[PDB]
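What follows is a pair of forms of the same protein chain, given separately as structure tokens and numbered structure 1 and structure 2.
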Structure 1
């Protein structure tokens, strides 16, 4: 089964899922960095403008709904949501599964007023599921329909499909060459060992080794504040409140950035990490690489998001606990 994704500004990739009977439609980001499912709730006070601007799940309109009500809070790197647990049928790419999810009643305007999507579908492991709720992919596997215990991600460029998720396999139509796998450092987290990060002609980063969270929910490639300081200083980039910019005219002159994973060099060109909105030296162009300190036990860690995925088709193998990369097509 495949899920078609919409690409919004190269920063938000989302697909649609159906919840309840009759189905209530929601736009959601599929995030390998988290393990819970949540959508805005009809029970969210309208004083939360984000809720006024998003699809709200209404339990009183679903004959398949099953009450639970256990309170829960989901804390992401850029924001927090809170609400309670509910159970209902969810349709994903044609597949129907009974799932426990969060009905969010507290959704901060910043950052949610800026979210094109309504909610999130955690594709992570149960180990990191808040409230220990069984993850949707685990619930799908338990059905015994998928030919393989794996899911794949394809994120296209902004274009004028925005992307695609394949449940139970991969789509040869979106990658070339063959996959190269890196075993997970530990089950329960889609994090792999990274052997080094080179900027141009000087592998001055992640010397001695470091961690890499393969995060489909992260818009950018991220690293600790220290690491990014060195990387950016090397690029001649100036820091701002929530990102780094470079004068547009020099964007194309920026050096390649390579990530050493599993004995393979995954290389990105400046065209791959710079939002080349123009070539004026009188304008600032943002870079799709940010500083992000991810707390323990997962972090400190680098995070490989959309910026990386766009270039490399990614397969998440639950059966062999590893991740495979291939040149996106």
Structure 2
């Protein structure tokens, strides 16, 4: 068809980006995270206990209120790198932008404080493929395609640096207002995951890692870029950042001194200068500044893999092309 649906995104501290969706009739509105790293749609259930403070502090779905609702009740546990959520599976109509589709989705009943008490949004909308779908429920994008409608079988993401417009997702295409140049594509290693092959990470001048290829997930639901523990160690040493309990820090004023990091993808370099990978809250010689790179050990079958998260997507407007199973990149604006 010749349609395109923009979804406005809020950016909260550059770590969380979310937009609204409406479930039901008349719709209920939830804040969600559009995650290319998974394929299930889930929101909190009014049937969630207050025992969990997470539910107590999150919008909940009230099936009673939905004209269009449909019982189902299959139980489900969705497991994320950072947490787990369990609930059961309902159906209703979900409103995304100007689009509407009958979605099967989970109504969450168990949600831990760690990490959900740190989430500002309510649930998540899996932009992944059906192969990774807990319960072989069809992911929302699949359902949207079916309905014809969209001009192209792709979706794009723009993430902004927090200061304005926090970001934007375009279903059916891309916004030429939010990127410079033209896209360069990198094919999927295999279908089922949004993961491409990378063939080197350079620190400044030199390929320091992933010399003979490695994998990268392009993950819109990952705050930071991660790499295996061993690569991050190596990398940080080369940068001279230091482990501070949780993260790697650098003296604020020394931020500008760090080298550029380049990801070699599909024959091109994607370069990040320290300004893109250090959160320079100051430039004081008296303060420590945080790096938005973290180690993450992803289990097979998926990992060991690099995950290119919001850190990278802030820099490169991203296009996920389902038609050709390829991911494209252009410099954002």
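Residue numbers count along the first chain shown, from 1. Rigid core (definition): largest C-alpha set, two forms, superposition within 1.5 Å.
Only one entry in 269, 64, 70, 280 has its C-alpha moved by 2 angstroms or more between structure 1 and structure 2 when the rigid core is superposed, and that entry is 280. When the rigid core is held fixed, the Cα atom of residue 240 travels 2 angstroms or more between structure 1 and structure 2.
Taking the core as the reference frame, the CA atom of residue 252 shifts 1.8 angstrom between structure 1 and structure 2. Its Cα shifted by 0.5 Å between structure 1 and structure 2, residue 179 is reported here after superposition on the rigid core.
Core superposition gives residue 201 a CA displacement of 2.1 Å between structure 1 and structure 2.
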